[PDB]
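Asker: Quick one: this structure, given as structure tokens, is what I'll be asking you about.
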Amino acid sequence: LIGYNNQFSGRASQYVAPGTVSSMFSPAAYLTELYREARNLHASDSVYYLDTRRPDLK
Amino acid sequence: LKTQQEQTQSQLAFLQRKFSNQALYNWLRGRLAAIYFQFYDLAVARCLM
Amino acid sequence: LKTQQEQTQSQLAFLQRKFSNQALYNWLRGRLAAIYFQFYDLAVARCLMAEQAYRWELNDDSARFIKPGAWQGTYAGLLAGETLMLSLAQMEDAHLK
Amino acid sequence: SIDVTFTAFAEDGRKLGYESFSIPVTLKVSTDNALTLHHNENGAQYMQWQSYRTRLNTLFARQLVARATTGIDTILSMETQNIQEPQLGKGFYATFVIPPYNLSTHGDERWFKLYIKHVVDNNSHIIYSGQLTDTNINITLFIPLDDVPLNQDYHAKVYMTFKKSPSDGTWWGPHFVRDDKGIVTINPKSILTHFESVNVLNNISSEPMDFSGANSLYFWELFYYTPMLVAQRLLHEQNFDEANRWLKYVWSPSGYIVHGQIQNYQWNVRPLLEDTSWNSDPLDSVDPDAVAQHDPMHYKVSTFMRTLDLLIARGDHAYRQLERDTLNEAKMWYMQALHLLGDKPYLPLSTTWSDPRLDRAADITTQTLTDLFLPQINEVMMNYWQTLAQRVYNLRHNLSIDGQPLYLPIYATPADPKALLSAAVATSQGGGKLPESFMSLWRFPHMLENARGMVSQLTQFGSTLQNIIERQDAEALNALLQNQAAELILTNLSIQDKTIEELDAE
Amino acid sequence: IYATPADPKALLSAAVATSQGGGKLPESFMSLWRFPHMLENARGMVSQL
Amino acid sequence: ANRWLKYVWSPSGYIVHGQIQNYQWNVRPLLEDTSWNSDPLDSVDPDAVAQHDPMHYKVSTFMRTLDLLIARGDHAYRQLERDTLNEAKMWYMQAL
Amino acid sequence: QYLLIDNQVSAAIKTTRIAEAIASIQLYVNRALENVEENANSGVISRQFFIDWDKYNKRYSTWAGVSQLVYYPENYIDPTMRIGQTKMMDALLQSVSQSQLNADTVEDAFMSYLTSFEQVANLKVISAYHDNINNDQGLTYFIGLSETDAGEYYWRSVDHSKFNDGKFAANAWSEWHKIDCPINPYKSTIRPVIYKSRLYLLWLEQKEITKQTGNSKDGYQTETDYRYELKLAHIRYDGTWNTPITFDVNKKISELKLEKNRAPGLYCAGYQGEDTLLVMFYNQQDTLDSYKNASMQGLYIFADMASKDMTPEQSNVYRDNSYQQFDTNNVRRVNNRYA
Amino acid sequence: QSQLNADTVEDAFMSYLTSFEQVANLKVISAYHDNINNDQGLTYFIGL
Amino acid sequence: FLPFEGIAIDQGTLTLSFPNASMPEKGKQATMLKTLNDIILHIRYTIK
């Protein structure tokens, strides 16, 4: 077909503005990723378990 | 004569194993040639400027 | 024939006693090769500095002209210089345009 | 565990009693199934670790050499990319057609995923993922089978999920069973609710060149990157017509003619012709080329952009001539770029956000949205409309490329015929590679010295090359001469043997 | 408070230039000299090489 | 640079043949003699003084480790992002 | 350093709740990666997210940069500036670069591209080793063999981080590299291993050593004291290989009840750290359950290339945890790291 | 002469030690002190 | 390159610092600053 709106279109349903929390590139998105990865670096019974050090972070 | 045969073969081994062998020159030519040509296009462009 | 044995040994002796013997070339190589490599790293670093200047003047930080393959261990660095000379010519052209 | 006893004694030896603790120690060793290597009867080699089978080799490298031998068009044809490879292992091919996007089904979101079950486990694995379009999606997947089925009604199950009712119920999606003699059928108890159609491709034991296999990297360089590179370089040299021709090896907006027959496709790279749906799951990488390739749609888009860049460059080239006739040419080229972009898409922005707790936000995938965060617009692509809009505006308002006013005459001053001739002559004198010489800021004596230094550097490379050549030839000769000495020696050895036989005869 | 996102095109040039040739390209320190000065110094350094 | 310093000194110890060792210093003459001397070599050569009394190398080794941690710190510091400043901080805290 | 927040800063510094969270965590991770915190979970550390920590994921600025690069690669990708350009492409470009760029120039370059390709297009893959704990993370290293010359060993690696919807993203695979070591394995018992973060490979060879006289007085010997040399070699940083170190494993092999024509199964895996290589020999069975309670003869190899017999007290543990990596008749399996 | 890494230094150590071995155990034949007190100055040695 | 050359005209912050400004501590700029009417920057920038 002819046009960007006919080919390639229809990818990311809704979009967000570049400064919102909801953006996948926002600091919140970064926080979410760091958290899901860091969350399990230490054993749940360890003094350095992330939730032991910071019970509020979650 | 057998000795001469062996001596001839050791000379080939030398020619093939020495650093400055045909592989070296084949490589140097191929690489330099690419450079020379590319350099040329640039040299021309400045001459044209 | 005995005299030809003597003559051959005399020629071998010469090869082992003349100043420009193999020891000389192995020595000259060991030192020049050490210099050439070190000099190369310095040459690259400056080419890279020229490149930073290129980038700071033309506000474009994606530019890279200096290619990491200039020094091949195989073939002992031969043509590393010529390789860099081209990259600089290219950088210079990019600037002029 | 470690058994720790706390005990003590009195000064007079009396025990003061005790307390005992036990510190557990757990040895945790993760285990999983090993990756398995296989070599099949048909010569295919592959790696398997789940239900996934990855091809390790290719068996037609010779055909490719034979095709390159007859020219660029033979090697880069579509036919080349249809050289087939054997199937990897017990299994079959089936075509799945996913219907057009609707809201009565597939509401709100456009993603869907296809999963396979009961093949190596009773669990599921994703075999395809993508997004629903205004039309259907027609794909073919290889469905692997194990030696012994985990289900006696069917040997494999395939089902679709898509946010709305992603139920994985019994009989939702086709159930496949292997009959004897290699025949695969769909168990009639199953329901194709989420498929437009399913077709078991009986008698197909092969597939076209695998751009996802271990040697696929070479096909990507051969069929996609090389022609894009060549066009890139030609464009830098301002050879706009050749860059155009070269882009056509990847994409022809007007289609192709093959063997006279008018063909029905525009993308000439098989994996770009295929994959007409965005992958709904992005590749979790840091390498943009691994992302592309994994999802070929990205190359389709970069190809699209390069085509526009070329149209734009041709327009810009004309614009800068500042002759009213060339300004009209520029307009024409920009109008084509606009035709090609089509309408600027409307991209509404959402204000919906649930303010979730970080722990809840940490929504992962392994083996009111389905994710939490949303993408941005992609200003680089949007800028193509903005760019053309501005360039066209300037033409409509009689402005220069940077918006400056200009007062060109209605009719152009005639070109100086002497200069037209020298240009024509130089072009036809030889070479022809006499590109725009850009008139820059530097005055003649500066540029003369610069050109001069550039040339003396060239004369040095020249003499250097001359020495290499003379040496390359000198060495070729020394080797020849030794091989020749060796041959004469062998002949002399035969002569000496006969000489000895003669003495024995004496 | 939050850093300006790095420009992805630059990250790519570096990544390509990190794995290509092993990435043996040392830090190019920001200097006081302008391009034509440094260009000439580099050129002299290369011709010596 | 770190890996190489570990051939001489590795605070936290070494694993040898899978076993946990109780030494911190991997150079026999630095591991031995933890007593700074009392009657120093009379010389003009600092290299002869060290060696003679190995404690001086133990200290210069210690300094190099600190110099390394600092350099990592400074590197991050100079990137001037809030994130890299916090990184610099941890490197300095480790040196402390 | 415990609460992951600096309580000695002046009031002058401002932040946001999110910005501090993205700091307390960044410190948490850095202390774990630098082993300040001595017992982190290695099955987590080994994940790609952390592998990229020092280039992209430790800073918002680079994280955000990459995320944009990967989300919309079409705005950044380039046929020249790309990752995964092969040696064959370099050769293509070099000959293309020697003359004017046109179709004929590239036709000849494509031909040499393809003839270089053909040579490794169908190497037999012999074995492979996964360098992670987690099968979907890290890389698998493969060793193959020319389909032409009896020798010629080559290797590949595949990055599993580029594996997603059942398939690898093409440049996930490295090109074949040639091993210049004159390897002559017995029954192809060759395994790659990542050891000391280097590519090592080890294999068995039989040394046919015997007497020239059948009874040491008048006669001849028939077969041989087929001694088993376990050889270990590694790649140098310049791509060449060094001379292998030979270890004596004859007592382990004579103990395994192998037939005349059966090489012992060879298990090799790096211990997750400590530069210790775990090698076990076994009599290959038809099924994996047959290794339950099956005796094995192993050894430890250390960075200091000394070795120790692996007492059955320990080989029994490694077996319970490492079987299902063991080859069985008619299949081959990839070993992974032991942790 | 090349990139600094572990392999470069291993090769270097091998030649280092080779040269060392050649003089590692010479027989000392005799020696001479160059001062009049044995706590100062130098002692010169001849080996073989 | 000149001081501050290459900085975007719309990004970041400038600071001008006068040491020894505090009057209670008898600084040197302290008496002069009471007579400083303004601060003027002269910014030479280019558009490309």
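Within each chain, counting starts at residue 1; across the structure tokens, chains are named A, B, ... in the order shown, with ligands numbered 1 upward in that order.
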Run DSSP on the backbone and tell me which residues of segment 9-46 of chain F come out as strand (DSSP E or B); list them as number ranges by chain.
Answerer: F: 9, 15-16, 19-20, 25
Asker: Between chain D and chain G, at 6 Å or less, what are the per-residue closest atom pairs and their distances in Å? Count only C-alpha atoms, order by chain and rising residue number, and return it as a tab-separated table.
Answerer:
```
residue	atom	partner	partner_atom	distance
D:34	CA	G:325	CA	5.2
D:35	CA	G:334	CA	5.1
D:36	CA	G:333	CA	4.5
D:37	CA	G:332	CA	5.3
D:52	CA	G:166	CA	5.6
D:57	CA	G:122	CA	5.3
D:58	CA	G:121	CA	5.7
D:61	CA	G:118	CA	5.1
D:65	CA	G:114	CA	5.7
D:68	CA	G:111	CA	5.6
D:72	CA	G:107	CA	5.6
D:126	CA	G:165	CA	5.9
D:127	CA	G:166	CA	5.7
D:212	CA	G:170	CA	5.3
D:216	CA	G:170	CA	5.5
D:217	CA	G:170	CA	5.2
D:225	CA	G:79	CA	5.4
D:229	CA	G:79	CA	5.4
D:288	CA	G:70	CA	4.8
D:290	CA	G:169	CA	5.3
D:293	CA	G:169	CA	5.9
D:294	CA	G:169	CA	4.6
D:298	CA	G:74	CA	5.7
D:302	CA	G:74	CA	4.8
```
Asker: Considering only C-alpha atoms, return as a VMD selection string whatever protein or nucleic-acid residues lie within 12 Å of residue 39 of chain A, sequence-local ones (same chain, fewer than 4 positions apart) excluded.
Answerer: (chain A and resid 31 to 35 43 to 44 48 to 55 57 to 58) or (chain D and resid 358 to 359 362) or (chain G and resid 24 to 26 28 to 29 32 40 to 41 44 to 45)
Asker: Quick one: residues within 9 Å of residue 17 of chain A, only C-alpha atoms counted, chain neighbours fewer than 3 positions away excluded, as a VMD selection string?
Answerer: (chain A and resid 20 22 to 23) or (chain D and resid 349 to 351 375 to 377)
Asker: Quick one: contact table of chain C to chain H, 8 Å max, nearest atom pair and distance in Å to one decimal per residue, counting only C-alpha atoms, chain and number order, as JSON lines?
Answerer:
```
{"residue": "C:33", "atom": "CA", "partner": "H:1", "partner_atom": "CA", "distance": 6.0}
{"residue": "C:34", "atom": "CA", "partner": "H:1", "partner_atom": "CA", "distance": 4.3}
{"residue": "C:35", "atom": "CA", "partner": "H:1", "partner_atom": "CA", "distance": 7.4}
{"residue": "C:36", "atom": "CA", "partner": "H:1", "partner_atom": "CA", "distance": 7.8}
{"residue": "C:37", "atom": "CA", "partner": "H:1", "partner_atom": "CA", "distance": 5.5}
{"residue": "C:38", "atom": "CA", "partner": "H:1", "partner_atom": "CA", "distance": 7.1}
{"residue": "C:73", "atom": "CA", "partner": "H:2", "partner_atom": "CA", "distance": 7.8}
```
Asker: For chain G against chain H, which residues fall within 12 Å using only C-alpha atoms, given as a ChimeraX atom specification?
Answerer: /G:196,198,234-242
Asker: Next, write the just-selected residues to a file, as a PDB file, in the first residue's frame, keeping N, CA, C and O atoms as the atom set.
Answerer:
```pdb
ATOM      1  N   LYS G 196      38.227 -19.194  33.349  1.00  0.00           N
ATOM      2  CA  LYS G 196      38.993 -17.977  33.571  1.00  0.00           C
ATOM      3  C   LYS G 196      38.577 -16.911  32.565  1.00  0.00           C
ATOM      4  O   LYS G 196      39.402 -16.108  32.133  1.00  0.00           O
ATOM      5  N   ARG G 198      37.950 -17.221  29.504  1.00  0.00           N
ATOM      6  CA  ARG G 198      38.653 -17.470  28.257  1.00  0.00           C
ATOM      7  C   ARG G 198      38.101 -18.686  27.567  1.00  0.00           C
ATOM      8  O   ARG G 198      37.552 -19.591  28.196  1.00  0.00           O
ATOM      9  N   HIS G 234      43.983 -23.090  25.253  1.00  0.00           N
ATOM     10  CA  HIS G 234      43.109 -21.938  25.132  1.00  0.00           C
ATOM     11  C   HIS G 234      43.557 -20.923  24.149  1.00  0.00           C
ATOM     12  O   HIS G 234      44.730 -20.831  23.763  1.00  0.00           O
ATOM     13  N   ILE G 235      42.585 -20.158  23.736  1.00  0.00           N
ATOM     14  CA  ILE G 235      42.777 -19.091  22.806  1.00  0.00           C
ATOM     15  C   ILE G 235      43.530 -17.969  23.467  1.00  0.00           C
ATOM     16  O   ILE G 235      43.297 -17.660  24.643  1.00  0.00           O
ATOM     17  N   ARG G 236      44.450 -17.380  22.739  1.00  0.00           N
ATOM     18  CA  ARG G 236      45.206 -16.226  23.160  1.00  0.00           C
ATOM     19  C   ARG G 236      44.397 -15.029  22.758  1.00  0.00           C
ATOM     20  O   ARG G 236      43.557 -15.087  21.876  1.00  0.00           O
ATOM     21  N   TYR G 237      44.705 -13.880  23.283  1.00  0.00           N
ATOM     22  CA  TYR G 237      43.912 -12.702  22.967  1.00  0.00           C
ATOM     23  C   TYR G 237      43.960 -12.272  21.497  1.00  0.00           C
ATOM     24  O   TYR G 237      43.205 -11.395  21.084  1.00  0.00           O
ATOM     25  N   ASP G 238      44.901 -12.807  20.728  1.00  0.00           N
ATOM     26  CA  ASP G 238      45.046 -12.444  19.330  1.00  0.00           C
ATOM     27  C   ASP G 238      44.334 -13.426  18.398  1.00  0.00           C
ATOM     28  O   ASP G 238      44.410 -13.291  17.178  1.00  0.00           O
ATOM     29  N   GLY G 239      43.618 -14.386  18.961  1.00  0.00           N
ATOM     30  CA  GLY G 239      42.854 -15.369  18.210  1.00  0.00           C
ATOM     31  C   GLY G 239      43.581 -16.690  17.964  1.00  0.00           C
ATOM     32  O   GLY G 239      42.956 -17.689  17.597  1.00  0.00           O
ATOM     33  N   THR G 240      44.885 -16.726  18.197  1.00  0.00           N
ATOM     34  CA  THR G 240      45.632 -17.957  17.978  1.00  0.00           C
ATOM     35  C   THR G 240      45.483 -18.825  19.193  1.00  0.00           C
ATOM     36  O   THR G 240      45.044 -18.348  20.234  1.00  0.00           O
ATOM     37  N   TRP G 241      45.845 -20.092  19.093  1.00  0.00           N
ATOM     38  CA  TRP G 241      45.786 -20.985  20.237  1.00  0.00           C
ATOM     39  C   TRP G 241      47.160 -21.358  20.728  1.00  0.00           C
ATOM     40  O   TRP G 241      48.128 -21.322  19.962  1.00  0.00           O
ATOM     41  N   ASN G 242      47.280 -21.639  22.016  1.00  0.00           N
ATOM     42  CA  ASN G 242      48.551 -22.111  22.541  1.00  0.00           C
ATOM     43  C   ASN G 242      48.670 -23.622  22.623  1.00  0.00           C
ATOM     44  O   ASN G 242      47.752 -24.367  22.282  1.00  0.00           O
TER      45      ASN G 242
END
```
Asker: Hey, what's within 8 Å of segment 58-72 of chain C if we count only C-alpha atoms and toss same-chain stuff fewer than 5 positions away? As a PyMOL selection string, please?
Answerer: (chain C and resi 44+47-48+51+77-81+83-84+87-88+90-91+95) or (chain E and resi 9-14+17+20-25)
Asker: May I have the residues of chain F within 10 Å of chain G, counting only C-alpha atoms, written as a list in words?
Answerer: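 The contacting residues on chain F are residues 12, 14, 15, 16, 17, 18, 19, 20, 81, 82, 83, 84, 86, 87, 89, 90, 91, 93 and 94 of chain F.
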Asker: Counting only C-alpha atoms, which residues of chain G sit at most 8 Å from some atom of chain B, and what is each one's closest atom pair with its distance in Å to one decimal, listed by chain and rising residue number, as JSON lines?
Answerer:
```
{"residue": "G:94", "atom": "CA", "partner": "B:34", "partner_atom": "CA", "distance": 6.2}
{"residue": "G:95", "atom": "CA", "partner": "B:34", "partner_atom": "CA", "distance": 6.9}
{"residue": "G:97", "atom": "CA", "partner": "B:34", "partner_atom": "CA", "distance": 5.4}
{"residue": "G:98", "atom": "CA", "partner": "B:34", "partner_atom": "CA", "distance": 4.2}
{"residue": "G:99", "atom": "CA", "partner": "B:37", "partner_atom": "CA", "distance": 6.5}
```
Asker: Counting only C-alpha atoms, a student should be able to say which residues of chain E come within 8 Å of chain F; what is the right answer, written as a PDB file with N, CA, C and O atoms, in the first residue's frame?
Answerer:
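The resulting file, result-v5.pdb, is shown below:
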```
ATOM      1  N   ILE E   1      17.502  17.239  37.871  1.00  0.00           N
ATOM      2  CA  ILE E   1      17.236  16.079  38.700  1.00  0.00           C
ATOM      3  C   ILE E   1      17.383  14.820  37.890  1.00  0.00           C
ATOM      4  O   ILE E   1      17.907  13.822  38.380  1.00  0.00           O
ATOM      5  N   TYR E   2      16.885  14.843  36.668  1.00  0.00           N
ATOM      6  CA  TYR E   2      17.010  13.676  35.839  1.00  0.00           C
ATOM      7  C   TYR E   2      17.876  14.056  34.685  1.00  0.00           C
ATOM      8  O   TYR E   2      17.679  15.107  34.080  1.00  0.00           O
ATOM      9  N   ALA E   3      18.790  13.181  34.342  1.00  0.00           N
ATOM     10  CA  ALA E   3      19.702  13.442  33.255  1.00  0.00           C
ATOM     11  C   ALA E   3      19.008  13.486  31.922  1.00  0.00           C
ATOM     12  O   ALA E   3      18.036  12.774  31.691  1.00  0.00           O
TER      13      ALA E   3
END
```
Asker: Using only C-alpha atoms, I'd like a table of the residues in chain I that come within 12 Å of chain E; for each, show the closest atom pair and its distance in Å rounded to one decimal, ordered by chain and ascending number, as CSV.
Answerer:
```
residue,atom,partner,partner_atom,distance
I:1,CA,E:32,CA,5.2
I:2,CA,E:32,CA,7.8
I:3,CA,E:32,CA,9.2
I:4,CA,E:32,CA,11.0
I:5,CA,E:32,CA,10.0
I:6,CA,E:34,CA,11.5
I:11,CA,E:4,CA,11.3
I:12,CA,E:4,CA,11.7
```
Asker: Those residues you just picked out, can you put them in a file as a PDB file, in the first residue's frame with N, CA, C and O atoms?
Answerer:
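Output (selection.pdb):
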```pdb
ATOM      1  N   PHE I   1      40.437  27.031  21.429  1.00  0.00           N
ATOM      2  CA  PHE I   1      39.063  27.224  21.842  1.00  0.00           C
ATOM      3  C   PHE I   1      39.055  28.296  22.881  1.00  0.00           C
ATOM      4  O   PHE I   1      40.013  28.420  23.627  1.00  0.00           O
ATOM      5  N   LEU I   2      38.010  29.082  22.936  1.00  0.00           N
ATOM      6  CA  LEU I   2      37.912  30.127  23.931  1.00  0.00           C
ATOM      7  C   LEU I   2      37.189  29.606  25.168  1.00  0.00           C
ATOM      8  O   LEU I   2      36.747  28.453  25.191  1.00  0.00           O
ATOM      9  N   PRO I   3      37.239  30.307  26.297  1.00  0.00           N
ATOM     10  CA  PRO I   3      36.508  29.938  27.478  1.00  0.00           C
ATOM     11  C   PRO I   3      35.056  29.821  27.124  1.00  0.00           C
ATOM     12  O   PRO I   3      34.564  30.556  26.279  1.00  0.00           O
ATOM     13  N   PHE I   4      34.396  28.817  27.678  1.00  0.00           N
ATOM     14  CA  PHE I   4      32.983  28.541  27.456  1.00  0.00           C
ATOM     15  C   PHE I   4      32.577  28.271  26.012  1.00  0.00           C
ATOM     16  O   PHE I   4      31.384  28.132  25.717  1.00  0.00           O
ATOM     17  N   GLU I   5      33.525  28.148  25.110  1.00  0.00           N
ATOM     18  CA  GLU I   5      33.132  27.926  23.750  1.00  0.00           C
ATOM     19  C   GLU I   5      32.471  26.591  23.509  1.00  0.00           C
ATOM     20  O   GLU I   5      32.965  25.534  23.917  1.00  0.00           O
ATOM     21  N   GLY I   6      31.373  26.651  22.773  1.00  0.00           N
ATOM     22  CA  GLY I   6      30.590  25.504  22.370  1.00  0.00           C
ATOM     23  C   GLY I   6      29.367  25.214  23.231  1.00  0.00           C
ATOM     24  O   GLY I   6      28.635  24.255  22.954  1.00  0.00           O
ATOM     25  N   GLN I  11      21.255  26.444  27.493  1.00  0.00           N
ATOM     26  CA  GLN I  11      21.350  25.383  28.485  1.00  0.00           C
ATOM     27  C   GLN I  11      22.358  25.613  29.597  1.00  0.00           C
ATOM     28  O   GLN I  11      23.488  26.060  29.395  1.00  0.00           O
ATOM     29  N   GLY I  12      21.984  25.180  30.777  1.00  0.00           N
ATOM     30  CA  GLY I  12      22.868  25.242  31.920  1.00  0.00           C
ATOM     31  C   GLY I  12      22.838  26.595  32.583  1.00  0.00           C
ATOM     32  O   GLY I  12      21.944  27.406  32.313  1.00  0.00           O
TER      33      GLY I  12
END
```
Asker: Find the residues near residue 60 of chain F: any atom within 12 Å, counting only C-alpha atoms, skip ones fewer than 6 places away on the same chain, and give them as a PDB file with C-alpha atoms, in the first residue's frame.
Answerer:
```
ATOM      1  CA  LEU F   5      46.819  -5.630  41.687  1.00  0.00           C
ATOM      2  CA  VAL F   8      50.136  -8.808  44.849  1.00  0.00           C
ATOM      3  CA  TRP F   9      47.365  -7.900  47.297  1.00  0.00           C
ATOM      4  CA  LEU F  30      55.136  -9.194  52.113  1.00  0.00           C
ATOM      5  CA  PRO F  46      64.504   3.869  48.508  1.00  0.00           C
ATOM      6  CA  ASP F  47      64.355   0.595  46.643  1.00  0.00           C
ATOM      7  CA  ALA F  50      62.082  -1.319  50.679  1.00  0.00           C
ATOM      8  CA  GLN F  51      62.785  -5.025  50.121  1.00  0.00           C
ATOM      9  CA  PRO F  54      59.012  -5.265  52.946  1.00  0.00           C
ATOM     10  CA  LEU F  66      43.400   3.457  47.000  1.00  0.00           C
ATOM     11  CA  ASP F  67      44.553   5.373  43.953  1.00  0.00           C
TER      12      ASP F  67
END
```
Asker: Could you build a table of the residues in chain A lying no more than 9 Å from chain D, giving for each the nearest pair of atoms and their separation in Å rounded to one decimal place, using only C-alpha atoms, ordered by chain and ascending residue number, as a Markdown table?
Answerer:
```
| residue | atom | partner | partner_atom | distance |
| --- | --- | --- | --- | --- |
| A:1 | CA | D:253 | CA | 8.6 |
| A:2 | CA | D:340 | CA | 6.1 |
| A:3 | CA | D:342 | CA | 4.1 |
| A:4 | CA | D:341 | CA | 5.3 |
| A:5 | CA | D:345 | CA | 5.7 |
| A:6 | CA | D:342 | CA | 8.2 |
| A:7 | CA | D:276 | CA | 8.2 |
| A:8 | CA | D:301 | CA | 7.2 |
| A:9 | CA | D:345 | CA | 8.1 |
| A:10 | CA | D:133 | CA | 6.5 |
| A:11 | CA | D:278 | CA | 6.4 |
| A:12 | CA | D:375 | CA | 7.0 |
| A:13 | CA | D:109 | CA | 6.8 |
| A:14 | CA | D:349 | CA | 6.1 |
| A:15 | CA | D:349 | CA | 4.9 |
| A:16 | CA | D:349 | CA | 5.0 |
| A:17 | CA | D:376 | CA | 6.4 |
| A:18 | CA | D:376 | CA | 6.3 |
| A:20 | CA | D:351 | CA | 9.0 |
| A:21 | CA | D:353 | CA | 8.3 |
| A:22 | CA | D:373 | CA | 5.2 |
| A:23 | CA | D:374 | CA | 5.0 |
| A:24 | CA | D:373 | CA | 4.7 |
| A:25 | CA | D:375 | CA | 7.6 |
| A:26 | CA | D:373 | CA | 8.8 |
| A:28 | CA | D:358 | CA | 8.8 |
| A:29 | CA | D:373 | CA | 7.0 |
| A:31 | CA | D:358 | CA | 8.1 |
| A:32 | CA | D:362 | CA | 5.7 |
| A:33 | CA | D:362 | CA | 7.1 |
| A:35 | CA | D:362 | CA | 7.1 |
| A:36 | CA | D:362 | CA | 5.4 |
| A:57 | CA | D:358 | CA | 7.5 |
| A:58 | CA | D:359 | CA | 5.0 |
```
Asker: Restricting the output to C-alpha atoms, write the selected residues as a PDB file, in the first residue's frame.
Answerer:
```pdb
ATOM      1  CA  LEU A   1       0.000   0.000   0.000  1.00  0.00           C
ATOM      2  CA  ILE A   2       1.039   3.602  -0.263  1.00  0.00           C
ATOM      3  CA  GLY A   3       1.729   5.627   2.849  1.00  0.00           C
ATOM      4  CA  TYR A   4       3.191   5.359   6.317  1.00  0.00           C
ATOM      5  CA  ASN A   5      -0.296   5.335   7.653  1.00  0.00           C
ATOM      6  CA  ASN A   6      -1.120   2.200   5.605  1.00  0.00           C
ATOM      7  CA  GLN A   7       2.085   0.272   6.142  1.00  0.00           C
ATOM      8  CA  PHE A   8       3.881   0.341   9.491  1.00  0.00           C
ATOM      9  CA  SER A   9       0.889   1.993  11.135  1.00  0.00           C
ATOM     10  CA  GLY A  10      -1.076   0.275  13.819  1.00  0.00           C
ATOM     11  CA  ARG A  11       1.822  -0.462  16.151  1.00  0.00           C
ATOM     12  CA  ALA A  12       1.629   1.223  19.505  1.00  0.00           C
ATOM     13  CA  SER A  13      -2.082   1.804  20.142  1.00  0.00           C
ATOM     14  CA  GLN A  14      -1.910   4.909  22.406  1.00  0.00           C
ATOM     15  CA  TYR A  15       1.065   7.227  22.879  1.00  0.00           C
ATOM     16  CA  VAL A  16       2.178   9.492  25.670  1.00  0.00           C
ATOM     17  CA  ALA A  17       3.891  12.838  25.968  1.00  0.00           C
ATOM     18  CA  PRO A  18       7.698  12.844  26.506  1.00  0.00           C
ATOM     19  CA  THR A  20       4.970  11.913  31.641  1.00  0.00           C
ATOM     20  CA  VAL A  21       5.475   9.180  34.171  1.00  0.00           C
ATOM     21  CA  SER A  22       3.632   6.881  31.879  1.00  0.00           C
ATOM     22  CA  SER A  23       6.330   7.042  29.238  1.00  0.00           C
ATOM     23  CA  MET A  24       8.344   3.901  28.803  1.00  0.00           C
ATOM     24  CA  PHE A  25      11.433   6.034  28.759  1.00  0.00           C
ATOM     25  CA  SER A  26      10.496   7.979  31.918  1.00  0.00           C
ATOM     26  CA  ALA A  28       9.659   5.617  36.512  1.00  0.00           C
ATOM     27  CA  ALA A  29      10.157   3.118  33.737  1.00  0.00           C
ATOM     28  CA  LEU A  31      12.973   2.574  38.278  1.00  0.00           C
ATOM     29  CA  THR A  32      10.628  -0.251  37.500  1.00  0.00           C
ATOM     30  CA  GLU A  33      13.285  -2.055  35.538  1.00  0.00           C
ATOM     31  CA  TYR A  35      13.673  -2.794  40.800  1.00  0.00           C
ATOM     32  CA  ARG A  36      12.584  -5.951  39.076  1.00  0.00           C
ATOM     33  CA  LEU A  57      10.643   1.110  48.440  1.00  0.00           C
ATOM     34  CA  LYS A  58       8.212  -1.469  47.174  1.00  0.00           C
TER      35      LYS A  58
END
```
Asker: Provide the atom CA of residue 20 of chain D to atom CA of residue 45 of chain A distance in Å, to one decimal place.
Answerer: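 Atom-to-atom, atom CA of residue 20 of chain D and atom CA of residue 45 of chain A are spaced 20.6 Å apart.
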Asker: At a cut-off of 10 Å, which residues of chain D touch chain C? Count only C-alpha atoms and give the answer as an MDAnalysis selection string.
Answerer: chainID D and resid 437:442 454 457 461
Asker: Report, in Å to a single decimal, how far apart atom CA of residue 92 of chain F and atom CA of residue 35 of chain F are.
Answerer: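 We find that atom CA of residue 35 of chain F and atom CA of residue 92 of chain F lie 28.8 Å from each other.
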Asker: Apply DSSP to the backbone of this structure and, from chain F, keep only the residues in helix (DSSP H, G or I); write these as a ChimeraX atom specification.
Answerer: /F:2-5,28-31,46-52,55-77,82-95
Asker: Using only C-alpha atoms, pick whichever of E:39, E:5, E:30, E:15 has the shortest atom-to-atom distance to chain D.
Answerer: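 Nearest to chain D: E:15.
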